[PDB]
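> Input: one structure, supplied below.
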Amino acid sequence: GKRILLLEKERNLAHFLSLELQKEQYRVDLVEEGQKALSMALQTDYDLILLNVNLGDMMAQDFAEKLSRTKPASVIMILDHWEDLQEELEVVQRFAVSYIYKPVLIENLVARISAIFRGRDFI
């Protein structure tokens with residue numbers, strides 16, 4: 001029953017991930033622009049925000065810094081390819097509670113999301 005904000009650049013993954021999360025009775029707001037994601041996260045208290053390292057119109061780090069001005073310690077997880085995460089890993093470790101490497105099956109990603117809500121960064 002948690003609320004998730006989702007910005008994912010691969011449209012297939014974004015769509016089918018949102019459907020599976022909804023099947024698990026999560027409320028999912030799927031967005032396609034970083035600035036829209038930031039507006040939404042400022043307005044609404046999400047239980048998890050799921051992003052790539054680069055949102056398109058800004059980096060996830062920029063999103064987190066701006067969100068932190070009024071909502072420090074928001075719960076952000078980063079999903080991305082190994083290379084993309086590795087190049088930014090030290091900074092991601094400063095603003096994200098968790099990160100997951102692509103490619104990942106939707107069922108496993110949903111399992112990891114559920115587990116985070118239970119206080120466990122693993123399945």
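Just remember, in the structure tokens the first chain shown is A, the second B, etc., residues are 1-based per chain, and ligands are 1-based in the order shown.
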If we count only C-alpha atoms and set the cut-off at 8 Å, which residues sit around stretch 78-87 of chain A, ignoring sequence neighbours fewer than 4 positions away in its own chain? Please answer as an NGL selection string.
:A and (50-53 or 92 or 96 or 98-103)
> Mind writing the picked residues with N, CA and C atoms as a PDB file, in the first residue's frame?

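result_14.pdb, freshly written:
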ATOM      1  N   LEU A  50      12.120   5.982  -7.267  1.00  0.00           N
ATOM      2  CA  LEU A  50      12.983   5.106  -8.063  1.00  0.00           C
ATOM      3  C   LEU A  50      13.405   5.833  -9.324  1.00  0.00           C
ATOM      4  N   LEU A  51      14.713   6.034  -9.493  1.00  0.00           N
ATOM      5  CA  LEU A  51      15.256   6.835 -10.585  1.00  0.00           C
ATOM      6  C   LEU A  51      16.464   6.156 -11.221  1.00  0.00           C
ATOM      7  N   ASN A  52      16.808   6.569 -12.445  1.00  0.00           N
ATOM      8  CA  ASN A  52      18.132   6.300 -13.033  1.00  0.00           C
ATOM      9  C   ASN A  52      19.162   7.333 -12.565  1.00  0.00           C
ATOM     10  N   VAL A  53      20.439   7.125 -12.872  1.00  0.00           N
ATOM     11  CA  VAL A  53      21.469   8.084 -12.469  1.00  0.00           C
ATOM     12  C   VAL A  53      21.264   9.454 -13.125  1.00  0.00           C
ATOM     13  N   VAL A  92      26.243   8.695  -5.439  1.00  0.00           N
ATOM     14  CA  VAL A  92      24.984   7.980  -5.206  1.00  0.00           C
ATOM     15  C   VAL A  92      24.925   7.497  -3.750  1.00  0.00           C
ATOM     16  N   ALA A  96      21.286   8.110  -1.975  1.00  0.00           N
ATOM     17  CA  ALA A  96      20.341   7.026  -2.213  1.00  0.00           C
ATOM     18  C   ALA A  96      20.437   5.989  -1.109  1.00  0.00           C
ATOM     19  N   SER A  98      19.604   2.876  -1.555  1.00  0.00           N
ATOM     20  CA  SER A  98      19.886   1.611  -2.214  1.00  0.00           C
ATOM     21  C   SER A  98      20.110   1.859  -3.679  1.00  0.00           C
ATOM     22  N   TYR A  99      20.822   0.944  -4.326  1.00  0.00           N
ATOM     23  CA  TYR A  99      20.928   0.949  -5.772  1.00  0.00           C
ATOM     24  C   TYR A  99      20.881  -0.492  -6.276  1.00  0.00           C
ATOM     25  N   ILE A 100      20.393  -0.630  -7.503  1.00  0.00           N
ATOM     26  CA  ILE A 100      20.227  -1.930  -8.128  1.00  0.00           C
ATOM     27  C   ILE A 100      20.758  -1.850  -9.548  1.00  0.00           C
ATOM     28  N   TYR A 101      21.447  -2.900  -9.984  1.00  0.00           N
ATOM     29  CA  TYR A 101      22.023  -2.914 -11.324  1.00  0.00           C
ATOM     30  C   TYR A 101      21.108  -3.561 -12.354  1.00  0.00           C
ATOM     31  N   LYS A 102      20.949  -2.888 -13.487  1.00  0.00           N
ATOM     32  CA  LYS A 102      20.342  -3.479 -14.673  1.00  0.00           C
ATOM     33  C   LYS A 102      21.361  -4.415 -15.303  1.00  0.00           C
ATOM     34  N   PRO A 103      20.901  -5.409 -16.060  1.00  0.00           N
ATOM     35  CA  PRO A 103      19.500  -5.771 -16.297  1.00  0.00           C
ATOM     36  C   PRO A 103      18.928  -6.553 -15.125  1.00  0.00           C
TER      37      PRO A 103
END
> Neighbouring residues of residue A:4 were defined as those with any atom within 9 Å, considering only C-alpha atoms; residues of the same chain fewer than 6 positions away were excluded. Please report them as a list in words.
residues 21, 26, 27, 28, 29, 30, 46, 47, 48, 49 and 50 of chain A
> Keeping only N, CA, C and O atoms, write those residues as a compact mmCIF listing (two decimals), in the first residue's frame.

# COMPACT_ATOMS: atom_id res chain seq x y z
N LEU A 21 3.92 -3.46 -9.93
CA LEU A 21 3.85 -2.79 -8.64
C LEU A 21 2.40 -2.57 -8.27
O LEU A 21 1.99 -2.76 -7.14
N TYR A 26 0.69 -1.51 -4.64
CA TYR A 26 1.36 -0.22 -4.47
C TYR A 26 0.65 0.81 -5.33
O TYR A 26 0.01 0.47 -6.34
N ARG A 27 0.72 2.06 -4.89
CA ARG A 27 0.23 3.18 -5.67
C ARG A 27 1.42 3.79 -6.39
O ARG A 27 2.37 4.22 -5.75
N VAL A 28 1.39 3.79 -7.71
CA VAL A 28 2.54 4.20 -8.51
C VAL A 28 2.24 5.42 -9.36
O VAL A 28 1.29 5.43 -10.14
N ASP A 29 3.07 6.45 -9.19
CA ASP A 29 3.03 7.60 -10.07
C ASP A 29 4.23 7.53 -10.99
O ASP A 29 5.37 7.70 -10.56
N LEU A 30 3.95 7.25 -12.25
CA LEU A 30 4.96 7.14 -13.26
C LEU A 30 5.10 8.51 -13.90
O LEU A 30 4.09 9.12 -14.28
N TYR A 46 6.35 10.47 -0.90
CA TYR A 46 6.50 9.14 -1.44
C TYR A 46 7.26 8.24 -0.47
O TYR A 46 8.20 8.67 0.20
N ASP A 47 6.85 6.98 -0.42
CA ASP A 47 7.57 6.00 0.38
C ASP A 47 8.87 5.52 -0.28
O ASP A 47 9.82 5.12 0.40
N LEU A 48 8.91 5.59 -1.60
CA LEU A 48 10.10 5.29 -2.36
C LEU A 48 10.05 6.07 -3.66
O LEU A 48 8.98 6.15 -4.30
N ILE A 49 11.19 6.62 -4.06
CA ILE A 49 11.39 7.29 -5.34
C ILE A 49 12.45 6.46 -6.08
O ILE A 49 13.57 6.29 -5.56
N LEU A 50 12.12 5.98 -7.27
CA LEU A 50 12.98 5.11 -8.06
C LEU A 50 13.40 5.83 -9.32
O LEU A 50 12.55 6.23 -10.13
> Using DSSP secondary structure from the backbone, list all helix (DSSP H, G or I) positions within chain A, as a ChimeraX atom specification.
/A:11-23,34-43,60-67,82-86,89-95,106-117
> When DSSP is applied to the backbone of this structure, which of stretch 9-76 of chain A are assigned strand (DSSP E)? Write them out as a ChimeraX atom specification.
/A:27-31,48-51,76
> Using only C-alpha atoms, which protein or nucleic acid residues come within 10 Å of stretch 12-17 of chain A? Drop anything in the same chain fewer than 3 positions from it, and give the result as number ranges by chain.
A: 6-9, 20-23, 28, 30-32, 104-107, 109-110
> Of the candidates A:123, A:42, A:116, A:111, which one gets nearest to residue A:72 if we count only C-alpha atoms?
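Among A:123, A:42, A:116, A:111, it is A:42 that comes nearest to residue A:72.
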> Please provide the set of residues having any atom within 12 Å of residue A:73, restricted to only C-alpha atoms, with same-chain residues fewer than 2 positions apart removed, written as a list in words.
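Close residues of residue A:73: residues 45, 46, 47, 48, 49, 64, 65, 66, 67, 68, 69, 70, 71, 75, 76, 77, 94, 95, 96 and 97 of chain A.
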> To one decimal place in Å, what is the distance between atom CA of residue A:54 and atom CA of residue A:41?
16.8 Å
